[PDB]
Structure formats: structure tokens, C-alpha cells
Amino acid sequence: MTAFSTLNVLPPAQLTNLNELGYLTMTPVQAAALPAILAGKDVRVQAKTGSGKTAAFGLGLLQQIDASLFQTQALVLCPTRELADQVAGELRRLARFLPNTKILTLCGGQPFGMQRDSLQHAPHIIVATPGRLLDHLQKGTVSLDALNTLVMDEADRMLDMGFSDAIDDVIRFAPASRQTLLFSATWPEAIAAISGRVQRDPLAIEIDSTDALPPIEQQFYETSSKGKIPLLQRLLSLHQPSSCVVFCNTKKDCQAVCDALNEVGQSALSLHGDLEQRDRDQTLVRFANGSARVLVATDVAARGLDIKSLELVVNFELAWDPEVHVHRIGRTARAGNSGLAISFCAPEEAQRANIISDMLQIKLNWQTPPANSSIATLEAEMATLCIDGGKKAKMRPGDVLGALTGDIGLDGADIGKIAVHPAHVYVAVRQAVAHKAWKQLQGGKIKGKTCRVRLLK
């Protein structure tokens, strides 16, 4: 039985679901905030990165859901589309105990009409970005009149000056009689001091201080701005990370670093706001399932993204905000693992490095690189097939896996992550078998129907 039983609130169906999902022990933040959340209290939570906040507020809000009432009862706000999709997926996993629970995500990039159509049957839980959610609110396709609880993940980001007007506009559509949860790994005392405007007598649950990170080893390298790309290529060759995320402060630098890494054959994809949304989603899929070694991103990937066993984070340029520095490195060392975060520091970034040293109360570990080091190739172990259909075509992972193991004649150990999206299914297969799987699935059949299959770039 799972430790969650000590809460003495969750139904046995949810306890069994947690046991099946492997949630055998409550993380500190779950143990600390779930009583108060299930009691209906407003909370502002500060726990370290990759320590279970999603389940912390998800179990809480799921406990107060009436599946028979097809109106929206829970609303979760995220700062980026990929993070919205991610926490929506985790909530759907946590909601298996309660059958026929509709969890819908509302972000830009998707066409507005398909979402308007899916909203005719109101979803129980909405996970959303502020722009598209406010668009749907002003046009009367979403009602918050039945809203029990409103969650703001990355709440210090949702309450900054950028999102402030959009948030104030959204809350105007929400009841005053609502539970309001705020979760983050960082709380600048400014955003913390103003956060009371959206809550009603909240409990401050600050279990992890600002300097209490997960087991992340940090290393800093002095370098001129011009030497950074050579140094990055040499360091990637030295470390040989199974996966790595490189962060830049601008999309121009992001794409430039991606291209410079690819010209030396270090398998790299780029993720920033100028990409189309299909490209953003597919890029994240491919990096997560092993179809690329390095992901180069702007701060659109700094927060919340849960990439499993990510081995390395590199700060090409230190982030403007030390809070964002903490979130970047937090992409590694999640769910109890360790990680490494290398950071470059040019003379213009001295102030950023000093503020990081002060905030984390650590003496920075400056590494000198080897005198000479060659540049090595980094090839991806996997490649991603994109099958047309998704949840709209009722494709569950068992169908793709059984078709791959049987009819097409592929080994069960040559297929990695299966990610079922609303309109497509992404499969990871080893690079040797990729073209074979593509050609045979072309004229093959999954779940009886014949489908369209693309090999992603």
C-alpha cells in the first residue's frame, strides 16, 4: 500500500491508482501541503525543483471533482504551452481512478475552432496558458462559474509584471469563493509580498529555502563570448552526455548554437518562441525520447519541464534572473537523481555570477578546461516516427506496441517512448531500425486501420 493512505482522505480507487503509477512514497511537499489542500485552504508553496509539486496540487484538486457534473471545476495556469501540456498529462494519469474525467488543455498554436468544439462538452479540469484561456473566456466558450479550485504553477512567473494584467483579467472571470493554490521553486520577496492579492487567507508552506537545491553539481567556466561555442563543443565531447540542455538568453543565439553544434555533428535541436507550434511539440518529443542528444532552448524550457534522467544542463549565457538560473539547472537532478550544470561566464556576466553566488550561498566552482581537447561527434540513439491519429483515432500505446512487436516484425527492446498526442502518436525506435519501421508501417496496419506514418526530420 502507498504512503498516501496516511492522508486518510483519498479513496481506495485513487490509492490503487497511485500504487500502480509507482507513487509509493509522498515527497516532502506532498506530505506537507496535501492535508491543507484537501481541507480547502489556500496555500503558497515553495519546494525545490523536481520534487512533486504537480502531484501535490493535482491530487488535491482531483479529490474535489464531480465527474457527473460536466462543468469546469478546476483550472490550472502555466507560463508555457509545453508545460501546460505536461501537467495536463500528469493530471490525466492521476485521474485514472475517476473514470470519464475530461482534462482539456488550452494554449496557442492549436487552432481555435477545434478547442471551441471540444468545449461544447465542458471539461472537468482545464490546464491553460493565459492568452488563449482569456481569449476563450471573452468569447464565452469557457465558464468558471462552477470553479472549485484555481492553481497557478510557476506562480512567481505568473504574478510578475508581464503576466499581471492577463492574470487580473482571468481572475475577474473566476468566483471569489474559490480555492487558490500557488506553487513554485522560487519566490522573490516582491512577488511573494504581492501574491496575497489572489488568495484568501493563505498558508505559507516554504519547506525548501532558496539555496536548498536538488543534488546538482555546478561548475563555472571563464570564457570570452567568442570562445563559448568552441568551449561548448569541446565540453560536450568531453562529457558525452546521453541528453543535455543548453540555455541561451536570445532566440538568435539559440538557433546559432544549435547550428554550430550540428555542423560538428553533435545532434542538436532548438526550442524557442519563433518556431511553429507543431515544430515546438515535435522538438520536445524528439529530445525527450532520445532522438537527439542536445536541446538548445531559450527560457521557454527553463521552468517545469520534466525530462527524465536528463544528464546535463549548460548555461551558454547566465540568465538575467537568479531565480531563472535555479529553474534551468533544475531541469536535471529530478525525482531523486543527480545532475551536472555547467555555466559559462564572460566578463559581462560577472554580476549575474555574483548574484547567483550570493543567492545560493555557495562559493562558485571555477573549472579550467584541458589545455587542448578535440571535438567529437554525438549521435542520437533513436529516431521518432509520427503516426497520424492520436487520441482522436483511439490509439493507446498498447496498439502501437503490439503492431510493432507482431505484424511489422520489430523487437520489443528497439522501441522507446510512446507519446500519444490528441492528433498523432510519436514512437521512438532505434536508428538502425528507423527506415525499416517506416517503410513497413507505411503499408502495414495498426488496430486494423492503415495509417499515415512520417519519419521526423
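We number the residues from 1 along the sequence you see.
Original post:
Should the higher mean CA B-factor in the entry be assigned to 295-303 or to 158-166?
Top reply: It is 158-166.
Original post:
In the PDB record, does 364-372 or 171-179 carry the higher mean Cα temperature factor?
Top reply: That would be 171-179.
Original post:
Per the entry, which of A333, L213, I387, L284 tops the list for Cα B factor?
Top reply: Highest C-alpha B-factor among the listed residues goes to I387.
Original post:
Per the coordinate record, which of the options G339, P241, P322, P111 holds the highest CA temperature factor?
Top reply: Highest C-alpha B-factor among the listed options: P111.
**OP:** Place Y426 in the lowest, middle or highest third of its chain's C-alpha B-factors, as listed in the PDB entry.
**Re:** Its C-alpha B-factor, which the entry lists for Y426, ranks in the middle third among residues of this chain.
Original post:
Mind checking which third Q63 falls in for C-alpha B-factor across the chain?
Top reply: According to the entry, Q63 has a C-alpha B-factor in the chain's middle third.
Subject >> Within-chain third of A33 by Cα B-factor, per the entry >> reply: Answer is lowest: the recorded C-alpha B-factor places it there.
Subject >> Lowest, middle or highest third - CA B-factor, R328 >> reply: As the PDB entry reports it, the C-alpha B-factor of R328 lands in the lowest third of its chain.
Subject >> Within-chain third of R234 by Cα B-factor, per the entry >> reply: It belongs to the lowest third of the chain when residues are ordered by C-alpha B-factor.
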